[PDB]
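Student: I'd like to ask some things about the structure below.
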Amino acid sequence: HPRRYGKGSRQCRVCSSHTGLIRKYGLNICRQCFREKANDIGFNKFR
Amino acid sequence: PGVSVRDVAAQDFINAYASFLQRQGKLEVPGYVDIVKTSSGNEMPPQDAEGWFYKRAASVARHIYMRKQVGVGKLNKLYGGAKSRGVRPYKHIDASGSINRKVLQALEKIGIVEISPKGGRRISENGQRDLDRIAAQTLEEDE
Amino acid sequence: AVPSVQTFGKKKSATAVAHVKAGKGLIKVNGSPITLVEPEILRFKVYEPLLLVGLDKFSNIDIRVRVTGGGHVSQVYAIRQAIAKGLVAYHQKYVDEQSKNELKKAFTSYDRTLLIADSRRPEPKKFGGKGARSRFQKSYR
Amino acid sequence: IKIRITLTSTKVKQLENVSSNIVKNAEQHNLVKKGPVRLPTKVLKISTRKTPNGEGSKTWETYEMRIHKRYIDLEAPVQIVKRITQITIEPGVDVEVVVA
Amino acid sequence: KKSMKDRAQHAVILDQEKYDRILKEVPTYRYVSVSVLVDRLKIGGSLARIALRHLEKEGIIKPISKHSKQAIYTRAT
Amino acid sequence: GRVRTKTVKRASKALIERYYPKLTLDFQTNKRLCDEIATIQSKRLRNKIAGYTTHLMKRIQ
Amino acid sequence: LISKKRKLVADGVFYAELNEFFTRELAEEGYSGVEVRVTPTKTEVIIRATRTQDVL
Amino acid sequence: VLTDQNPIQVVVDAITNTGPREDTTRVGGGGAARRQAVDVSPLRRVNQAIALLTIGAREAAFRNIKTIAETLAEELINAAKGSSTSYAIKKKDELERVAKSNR
Amino acid sequence: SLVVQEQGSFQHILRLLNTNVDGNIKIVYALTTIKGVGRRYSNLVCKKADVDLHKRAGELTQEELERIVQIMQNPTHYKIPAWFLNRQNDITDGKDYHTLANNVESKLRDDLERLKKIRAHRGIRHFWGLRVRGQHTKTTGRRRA
Amino acid sequence: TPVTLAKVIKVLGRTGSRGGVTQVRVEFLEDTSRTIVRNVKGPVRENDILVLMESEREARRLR
RNA sequence: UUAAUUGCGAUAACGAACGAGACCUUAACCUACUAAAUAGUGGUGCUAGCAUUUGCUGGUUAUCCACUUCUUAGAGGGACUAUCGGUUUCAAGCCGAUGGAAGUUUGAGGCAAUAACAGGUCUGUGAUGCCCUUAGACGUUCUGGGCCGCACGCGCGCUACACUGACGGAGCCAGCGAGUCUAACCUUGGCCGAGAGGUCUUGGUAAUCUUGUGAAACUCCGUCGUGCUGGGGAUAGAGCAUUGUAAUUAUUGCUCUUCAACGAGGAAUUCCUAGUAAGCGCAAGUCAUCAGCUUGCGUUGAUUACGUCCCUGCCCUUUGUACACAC
């Protein structure tokens with residue numbers, strides 16, 4: 001299929017959503033699955 | 001007992017050295033004299049239109065002996081300033097690269113400093129004896 | 001060997017390590033002496049530790065202080081504590097007690113921050129506000 | 001043979017057990033060395049909104065990674081590249097063996 | 001009401017008809033400075049600095065203590 | 001609000017009724033002695049139980 | 001080769017991907033937990049479950 | 001240079017002179033508000049006294065050629081000696097007569 | 001420490017380039033009064049004419065003002081690197097020009113009159129008087145018409 | 001300006017609806033051992049010195 | 001009495017539990033222990049200069065030697081309100097003085113009880129019940145517009161309304177964080193150009209290289225002048241570049257010119273008790289490019305309270321209720 005993209009055609013790794021991405025941190029996922037994942041990123045939660 | 005620039009004030013030293021180059025020794029002619037802003041954040045050329053260069057040389061020569069290994073790219077952010085970017089808040093803007101490059105190339109053949117490896121320039125002995133002797137005479141000019 | 005002691009000072013972001021040794025009695029910071037640290041008003045403020053008992057205590061003692069970090073007034077606030085603490089360390093290393101107790105009581109009875117580090121550190125900023133103890137505009141109806 | 005052992009682990013109580021252990025193994029025979037350096041803790045800052053949608057207050061959270069890294073340096077001939085490579089590894093602890 | 005202003009006329013270039021009176025009217029002044037010259041002698045701030053420097057050249061007044069945009073002065077007493 | 005709570009109060013009079021002639025009006029050795037009594041987890045709470053125990057011991061005298 | 005930061009977040013999301021996947025088809029097999037061990041020349045993954053012989 | 005006595009003793013004398021002694025308060029009443037006048041503590045006296053000089057010289061040197069260097073200088077001597085022309089003394093008597101009316 | 005006599009040559013009113021020029025102020029900033037010349041270009045011409053900078057506009061001779069303003073018509077002949085001119089690489093000529101105080105509004109009228117004949121997006125709204133640079137005017141700029 | 005010197009020993013409490021007024025017990029230096037109740041704005045405590053414009057008044061409480 | 005059913009004490013109650021407290025982290029001190037060229041300090045060597053007469057300022061990883069005080073957290077210690085005098089059945093509890101890092105639970109956060117909203121979300125989910133569509137499909141996708149459009153009214157925000165200033169030259173000091181592998185990020189140094197920007201290389205997968213992020217607010221030298229003016233750049237015109245398949249309703253950056261309202265904003269309203277507000281800047285989120293926003297950090301850093309329920313609200317006790325979907 002004729003397609004160009006190549007300018008930010010990145011979706012969520014775990015849910016394939018082109019909504020707000022955090023990215024530049026090794027996760028490239030959405031905020032909601034980032035919330036309901038737990039114990040993997042920033043789990044310490046001292047603060 | 002041996003006087004260096006550190007033992008004397010910064011302002012009177014760079015003024016005495018500026019008058020030294022004003023009167024003795026030819027620094028260079030920039031070509032775009034008193035038609036540039038000496039930076040990008042500014043919009044007015046220096047009021048001391050006939051000068052601003054030999055005192056420019058005095059400041060950079062003092063600092064290149066103050067610091068050890070810095071380049072023109074570093075000199076741009078050293079003498080940068082906040083720019084009134086219209087309605088936007090003030091942001092730091094680096095100085096003009098050509099002005100800092102021109103004065104540095106002006107002073108290479110003078111001998112005030114020599115090219116250093118691994119980046120930057122390192123002070124030569126010919127260019128620091130005079131840079132240090134001027135401090136040994138500038139503190140006695142008051143009396 | 002060489003008789004030398006070293007102390008250090010603190011500020012909001014300024015640290016002032018001081019090197020004290022017995023010599024011809026010199027004072028300098030960053031290679032520049034005391035009368036050039038460029039507060040241009042607080043010049044007397046940094047003179048304060050070394051003036052209220054005179055120069056008899058600095059006849060043959062070289063002290064050198066290196067300062068890094070902090071604001072301009074914070075930078076100036078760093079040397080006075082370093083030289084005062086270095087003065088105490090020299091009093092604690094080479095000279096007798098009768099001179100030491102008089103020196104310290106003159107320091108403490110006048111000003112606290114000469115030897116007492118300030119523990120008033122900035123408070124972290126809170127969510128929903130520009131500052132630590134500031135809140136956004138509500139603007140309801 | 002400049003054997004350098006680098007440790008990277010998150011659980012602060014765990015790599016210290018490893019770091020103390022390798023020092024004990026390196027203390028055997030003579031195997032001159034240096035003590036454990038303490039590098040700054042690289043705290044990671046991930047900031048997300050608690051609410052998924054726009055409803056609610058502007059509530060913010062900061063999830064942090066506290067990774068602690070402490071390497072050691074050893075110098076000895078070829079026996080130690082065989083008598084130290086024995087891995088005292090545990091879950092959550094990563095080791096990086098670099099020579100020379 | 002906010003009527004039209006007076007358009008203050010502090011001097012910006014000196015001239016003989018007004019250069020002569022400074023040496024005769026400034027005397028008998030206990031406290032002198034740059035500021036009093038602007039609002040009383042109707043002269044510029046920069047003009048006051050050079051004029052006072054010229055007037056102090058004659059060995060009558062001395063800077064004593066001076067700094068940026070400020071000075072203190074006192075007549076011969 | 002510098003007010004004591006029952007958490008330090010239940011442990012205090014329990015210490016007194018069983019381990020009285022062990023401690024003294026002293027403070028820091030009271031902290032050290034607390035290690036030699038039934039184990040307590042937090043050292044921050046140890047700062048308060050030692051501070052409380054001497055407080056009753058001033059009153060009893 | 002890659003940065004350690006990118007390395008310790010890559011195996012994290014690797015562990016998150018595996019932990020999610022085990023619960024998808026081994027939910028009815030008494031899943032408890034999955035631990036990943038990093039070792040040279042070999043990788044160790046252990047699943048905590050109840051019916052060991054049924055999944056064997 | 002002018003009034004060659006110690007300036008710090010002059011500003012102290014100015015503080016004593018310009019420090020208001022009594023002031024009025026606020027009373028609810030209901031529907032309309034009324035003011036009752038009682039005395040003022042010396043701690044509030046000095047704290048208000050310094051402020052009156054401060055915001056009395058701010059507008060005097062504001063939008064004018066005169067700088068704030070001598071504006072504070074002329075205000076403090078006027079308050080110390082007593083001139084009834086500066087802002088500090090004018091406000092001091094204004095509250096004195098306000099308290100006198102509602103004494 | 002310079003003392004200068006101010007004889008009757010001083011005048012309170014100036015008239016250069018067929019426009020009203022005010023005196024009694026610095027000549028460098030007195031040239032900015034005349035439209036079409038800004039603060040930056042003012043000091044370039046003042047120093048190119050080799051005239052004193054702190055002299056007032058009133059105490060000025062004919063030769064100095066003539067030398068100052070003769071630059072404006074043909075500055076390119078007077079060794080300027082030619083990046084300050086307001087009319088550079090014009091569509092009609094392609095050369096670098098500096099429109100004087102009276103050709104500034106004539107030039108943009110010609111610029112506007114050719115935008116109107118072409119009926120471009122940037123020209124129709126300019127005739128309408130609305131925004132052409134893409135700036136938002138839905139909630140800003142209400143009190144201008 | 002007829003003024004009288006006033007000496008304070010005891011304090012009653014903070015009064016007023018806003019709470020910016022304090023009930024303070026105050027005595028007199030001249031003709032001592034005489035008790036008169038007076039109000040005050042600024043923070044006060046024992047062993048302070050105060051000056052009153054008038055001496056013959058008595059206000060119980062303020063709003 | 002305490003911020004706290006937080007404690008004393010009284011008491012048809014006893015025994016209790018959750019929350020708070022407790023707990024954890026961060027910012028604080030350690031010249032006490034292990035310490036450390038991916039941080040340094042001093043000295044010994046090489047080398048440069050100033051007065052040379054005694055010193056000072058420097059540079060140098062294969063020139064080494066000693067140390068961790070300044071830089072980093074590991075085990076740890078350290079203030080619990082500890083003493084006096086006042087107040088209290090003189091019990092809880094409160095106030096003023098001395099070492100200092102700390103006497104508003106050391107400050108600030110995290111977690112944060114039962115029950116409820118018929119508060120928001122089917123536009124996060126390959127989690128969704130029901131209804132609808134299911135093939136010129138409401139499925140996916142391609143081209144071009146739209147979410148930016150103004151007769152207008154409102155809410156968070158930035159420049160302001162100039163002399164504690166504007167402008168240009170000198171001194172010019174921080175912290176948080178991020179950064180490329182089968183990809184192309186941060187970019188140092190040299191050279192060219194006023195500027196943006198362009199070329200050749202160097203160092204780094206990171207306390208090491210960007211980066212001492214040499215930032216700004218700041219002070220020193222000058223010009224200006226009380227003038228809708230040198231404040232202010234809305235408003236437009238032309239030219240120089242970057243991002244990208246494409247940028248026109250200027251993406252954005254740079255240069256010149258045009259130089260309007262705005263001259264301290266009336267009802268009313270917002271935040272605030274110390275490094276706090278406020279002034280100022282930096283890193284990150286959105287990003288191929290674009291901060292006037294937000295999240296974190298840093299610089300300078302006030303006056304005013306140590307009180308009250310009067311307005312706006314909260315908790316406990318008593319009383320009244322023709323309310324109970326509950327003023």
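If you're wondering about the labels, chains in the structure tokens are A, B, ... by order shown, residues count from 1 in each chain, ligands from 1 in order shown.
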So which residues touch region 124-133 of chain K within 12 Å, counting only C-alpha atoms (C1' of nucleotides), skipping near sequence neighbours fewer than 4 positions away, as a PDB file with N, CA and C atoms (P, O5', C5', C4', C3', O3' and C1' of nucleotides), in the first residue's frame?
Tutor:
```pdb
ATOM      1  N   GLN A  11       3.398   3.673  17.709  1.00  0.00           N
ATOM      2  CA  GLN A  11       2.210   3.373  18.492  1.00  0.00           C
ATOM      3  C   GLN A  11       2.618   2.742  19.820  1.00  0.00           C
ATOM      4  N   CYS A  12       1.616   2.433  20.639  1.00  0.00           N
ATOM      5  CA  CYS A  12       1.872   1.765  21.905  1.00  0.00           C
ATOM      6  C   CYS A  12       2.381   0.349  21.662  1.00  0.00           C
ATOM      7  N   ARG A  13       3.394  -0.046  22.435  1.00  0.00           N
ATOM      8  CA  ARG A  13       3.973  -1.375  22.270  1.00  0.00           C
ATOM      9  C   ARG A  13       2.990  -2.463  22.687  1.00  0.00           C
ATOM     10  N   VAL A  14       2.190  -2.208  23.721  1.00  0.00           N
ATOM     11  CA  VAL A  14       1.324  -3.230  24.300  1.00  0.00           C
ATOM     12  C   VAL A  14      -0.139  -3.071  23.918  1.00  0.00           C
ATOM     13  N   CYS A  15      -0.543  -1.930  23.354  1.00  0.00           N
ATOM     14  CA  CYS A  15      -1.935  -1.750  22.966  1.00  0.00           C
ATOM     15  C   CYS A  15      -2.123  -1.090  21.605  1.00  0.00           C
ATOM     16  N   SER A  16      -1.049  -0.678  20.930  1.00  0.00           N
ATOM     17  CA  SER A  16      -1.111  -0.124  19.574  1.00  0.00           C
ATOM     18  C   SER A  16      -2.041   1.090  19.507  1.00  0.00           C
ATOM     19  N   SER A  17      -1.657   2.139  20.231  1.00  0.00           N
ATOM     20  CA  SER A  17      -2.399   3.391  20.260  1.00  0.00           C
ATOM     21  C   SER A  17      -1.476   4.535  19.871  1.00  0.00           C
ATOM     22  N   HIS A  18      -1.953   5.406  18.984  1.00  0.00           N
ATOM     23  CA  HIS A  18      -1.214   6.594  18.588  1.00  0.00           C
ATOM     24  C   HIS A  18      -1.568   7.809  19.438  1.00  0.00           C
ATOM     25  N   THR A  19      -1.988   7.590  20.684  1.00  0.00           N
ATOM     26  CA  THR A  19      -2.277   8.664  21.626  1.00  0.00           C
ATOM     27  C   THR A  19      -0.978   9.197  22.215  1.00  0.00           C
ATOM     28  N   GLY A  20      -1.067   9.938  23.315  1.00  0.00           N
ATOM     29  CA  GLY A  20       0.124  10.426  23.980  1.00  0.00           C
ATOM     30  C   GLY A  20       1.096   9.326  24.361  1.00  0.00           C
ATOM     31  N   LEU A  21       2.325   9.429  23.862  1.00  0.00           N
ATOM     32  CA  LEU A  21       3.405   8.510  24.185  1.00  0.00           C
ATOM     33  C   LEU A  21       4.407   9.212  25.090  1.00  0.00           C
ATOM     34  N   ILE A  29       5.079   3.164  25.290  1.00  0.00           N
ATOM     35  CA  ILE A  29       3.745   2.648  25.547  1.00  0.00           C
ATOM     36  C   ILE A  29       2.842   3.813  25.940  1.00  0.00           C
ATOM     37  N   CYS A  30       1.590   3.497  26.252  1.00  0.00           N
ATOM     38  CA  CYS A  30       0.628   4.511  26.655  1.00  0.00           C
ATOM     39  C   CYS A  30       0.648   4.700  28.171  1.00  0.00           C
ATOM     40  N   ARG A  31      -0.012   5.771  28.623  1.00  0.00           N
ATOM     41  CA  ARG A  31       0.006   6.103  30.044  1.00  0.00           C
ATOM     42  C   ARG A  31      -0.813   5.118  30.872  1.00  0.00           C
ATOM     43  N   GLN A  32      -1.898   4.581  30.311  1.00  0.00           N
ATOM     44  CA  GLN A  32      -2.807   3.762  31.103  1.00  0.00           C
ATOM     45  C   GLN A  32      -2.225   2.382  31.383  1.00  0.00           C
ATOM     46  N   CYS A  33      -1.628   1.746  30.373  1.00  0.00           N
ATOM     47  CA  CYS A  33      -0.930   0.489  30.617  1.00  0.00           C
ATOM     48  C   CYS A  33       0.324   0.708  31.451  1.00  0.00           C
ATOM     49  N   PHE A  34       0.934   1.890  31.346  1.00  0.00           N
ATOM     50  CA  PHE A  34       2.008   2.255  32.263  1.00  0.00           C
ATOM     51  C   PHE A  34       1.512   2.296  33.702  1.00  0.00           C
ATOM     52  N   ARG A  35       0.265   2.719  33.910  1.00  0.00           N
ATOM     53  CA  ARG A  35      -0.296   2.758  35.256  1.00  0.00           C
ATOM     54  C   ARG A  35      -0.633   1.356  35.751  1.00  0.00           C
ATOM     55  N   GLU A  36      -1.387   0.598  34.961  1.00  0.00           N
ATOM     56  CA  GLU A  36      -1.820  -0.738  35.370  1.00  0.00           C
ATOM     57  C   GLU A  36      -0.845  -1.816  34.905  1.00  0.00           C
TER      58      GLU A  36
ATOM     59  N   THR D  51      -4.824  10.364  36.715  1.00  0.00           N
ATOM     60  CA  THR D  51      -6.088  10.221  36.007  1.00  0.00           C
ATOM     61  C   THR D  51      -5.841   9.906  34.531  1.00  0.00           C
ATOM     62  N   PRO D  52      -6.564   8.935  33.966  1.00  0.00           N
ATOM     63  CA  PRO D  52      -6.405   8.667  32.528  1.00  0.00           C
ATOM     64  C   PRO D  52      -6.970   9.772  31.654  1.00  0.00           C
ATOM     65  N   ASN D  53      -8.162  10.267  31.971  1.00  0.00           N
ATOM     66  CA  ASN D  53      -8.806  11.321  31.209  1.00  0.00           C
ATOM     67  C   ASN D  53      -8.531  12.675  31.862  1.00  0.00           C
TER      68      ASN D  53
ATOM     69  N   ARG G  24      -1.790 -15.341  30.464  1.00  0.00           N
ATOM     70  CA  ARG G  24      -2.822 -15.397  29.434  1.00  0.00           C
ATOM     71  C   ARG G  24      -3.299 -16.822  29.177  1.00  0.00           C
TER      72      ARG G  24
ATOM     73  P     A K 137     -19.775   2.055   1.052  1.00  0.00           P
ATOM     74  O5'   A K 137     -20.907   1.384   1.948  1.00  0.00           O
ATOM     75  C5'   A K 137     -20.833   0.012   2.304  1.00  0.00           C
ATOM     76  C4'   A K 137     -21.045  -0.196   3.783  1.00  0.00           C
ATOM     77  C3'   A K 137     -20.043   0.490   4.701  1.00  0.00           C
ATOM     78  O3'   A K 137     -20.375   1.846   4.950  1.00  0.00           O
ATOM     79  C1'   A K 137     -20.284  -1.771   5.346  1.00  0.00           C
ATOM     80  P     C K 138     -19.287   2.857   5.565  1.00  0.00           P
ATOM     81  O5'   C K 138     -19.829   3.164   7.034  1.00  0.00           O
ATOM     82  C5'   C K 138     -19.436   4.348   7.720  1.00  0.00           C
ATOM     83  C4'   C K 138     -19.118   4.087   9.174  1.00  0.00           C
ATOM     84  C3'   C K 138     -18.488   2.728   9.479  1.00  0.00           C
ATOM     85  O3'   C K 138     -17.539   2.875  10.534  1.00  0.00           O
ATOM     86  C1'   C K 138     -20.477   2.974  10.725  1.00  0.00           C
ATOM     87  P     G K 139     -15.972   2.684  10.239  1.00  0.00           P
ATOM     88  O5'   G K 139     -15.813   1.116  10.017  1.00  0.00           O
ATOM     89  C5'   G K 139     -15.646   0.234  11.118  1.00  0.00           C
ATOM     90  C4'   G K 139     -14.646  -0.847  10.799  1.00  0.00           C
ATOM     91  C3'   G K 139     -13.374  -0.372  10.114  1.00  0.00           C
ATOM     92  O3'   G K 139     -12.411   0.102  11.038  1.00  0.00           O
ATOM     93  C1'   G K 139     -14.260  -2.222   8.936  1.00  0.00           C
TER      94        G K 139
END
```
Student: Per residue of chain A within 6 Å of chain K, which atom pair is closest and at what distance in Å (one decimal), using only C-alpha atoms (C1' of nucleotides), listed by chain and increasing number, as CSV?
Tutor:
```
residue,atom,partner,partner_atom,distance
A:7,CA,K:288,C1',5.5
A:32,CA,K:124,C1',6.0
A:46,CA,K:25,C1',4.6
A:47,CA,K:110,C1',4.8
```
Student: Deliver the residues from the most recent selection as a file, using N, CA, C and O atoms, as a compact mmCIF listing (two decimals), in the first residue's frame.
Tutor:
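Written file, part_7.txt:
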```txt
# COMPACT_ATOMS: atom_id res chain seq x y z
N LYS A 7 7.82 9.75 10.21
CA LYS A 7 7.91 11.04 10.89
C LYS A 7 7.22 10.98 12.24
O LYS A 7 6.63 11.97 12.70
N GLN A 32 -1.90 4.58 30.31
CA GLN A 32 -2.81 3.76 31.10
C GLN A 32 -2.23 2.38 31.38
O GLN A 32 -2.32 1.89 32.51
N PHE A 46 9.33 5.43 46.82
CA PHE A 46 9.62 6.04 48.11
C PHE A 46 8.98 7.42 48.23
O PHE A 46 8.45 7.77 49.29
N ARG A 47 9.01 8.21 47.16
CA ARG A 47 8.41 9.54 47.19
C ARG A 47 6.95 9.48 46.77
O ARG A 47 6.36 8.40 46.69
```
Student: Between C1' of residue 81 (chain K) and CA of residue 37 (chain F), what is the spacing in Å?
Tutor: 24.7 Å
Student: Please identify all residues of chain K having at least one atom at most 8 Å from any atom of chain C, considering only C-alpha atoms (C1' of nucleotides), and return them as number ranges by chain.
Tutor: K: 27-28, 31, 57, 69-70, 100-102, 107-108, 155-156, 171, 173-174, 269-272, 275-277, 295-296, 299
Student: Convert the current residue selection to file output with C-alpha atoms (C1' of nucleotides), as a PDB file, in the first residue's frame.
Tutor:
```pdb
ATOM      1  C1'   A K  27      16.954  17.669  52.126  1.00  0.00           C
ATOM      2  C1'   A K  28      19.846  18.394  56.442  1.00  0.00           C
ATOM      3  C1'   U K  31      37.211  16.517  59.614  1.00  0.00           C
ATOM      4  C1'   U K  57      49.983  31.485  39.496  1.00  0.00           C
ATOM      5  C1'   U K  69      37.906  17.479  54.519  1.00  0.00           C
ATOM      6  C1'   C K  70      35.522  19.490  50.174  1.00  0.00           C
ATOM      7  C1'   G K 100      24.459  23.124  67.443  1.00  0.00           C
ATOM      8  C1'   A K 101      22.230  20.454  61.860  1.00  0.00           C
ATOM      9  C1'   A K 102      17.534  20.789  63.321  1.00  0.00           C
ATOM     10  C1'   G K 107      10.788  20.484  57.080  1.00  0.00           C
ATOM     11  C1'   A K 108       8.296  18.358  52.732  1.00  0.00           C
ATOM     12  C1'   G K 155     -10.497  31.062  32.151  1.00  0.00           C
ATOM     13  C1'   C K 156      -5.778  29.801  33.135  1.00  0.00           C
ATOM     14  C1'   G K 171      32.952  40.659  36.419  1.00  0.00           C
ATOM     15  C1'   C K 173      28.561  32.087  39.905  1.00  0.00           C
ATOM     16  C1'   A K 174      24.296  26.788  40.074  1.00  0.00           C
ATOM     17  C1'   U K 269     -11.674  37.726  42.942  1.00  0.00           C
ATOM     18  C1'   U K 270      -6.864  34.350  43.303  1.00  0.00           C
ATOM     19  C1'   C K 271      -2.112  32.363  46.186  1.00  0.00           C
ATOM     20  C1'   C K 272       0.820  33.047  50.691  1.00  0.00           C
ATOM     21  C1'   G K 275      14.353  30.300  51.814  1.00  0.00           C
ATOM     22  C1'   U K 276       8.317  31.209  51.969  1.00  0.00           C
ATOM     23  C1'   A K 277       5.859  34.505  48.165  1.00  0.00           C
ATOM     24  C1'   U K 295       6.309  18.559  35.465  1.00  0.00           C
ATOM     25  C1'   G K 296      11.271  18.787  38.378  1.00  0.00           C
ATOM     26  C1'   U K 299      19.812  32.030  41.617  1.00  0.00           C
TER      27        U K 299
END
```
Student: Rank B:123, B:135, B:87, B:112 by their smallest atom-to-atom distance to residue 160 (chain K), using only C-alpha atoms (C1' of nucleotides), and report the top residue only.
Tutor: B:87
Student: For residue 41 (chain F), find every residue with an atom within 12 Å (counting only C-alpha atoms (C1' of nucleotides)), except residues of its own chain fewer than 6 positions away, and show them as a list in words.
Tutor: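 These residues fall inside the cut-off: residues 34, 35 and 47 of chain F; 22 and 23 of chain K.
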Student: Using only C-alpha atoms (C1' of nucleotides), which protein or nucleic acid residues come within 8 Å of residue 40 (chain I)? Drop anything in the same chain fewer than 6 positions from it, and give the result as a VMD selection string.
Tutor: chain B and resid 43 to 45
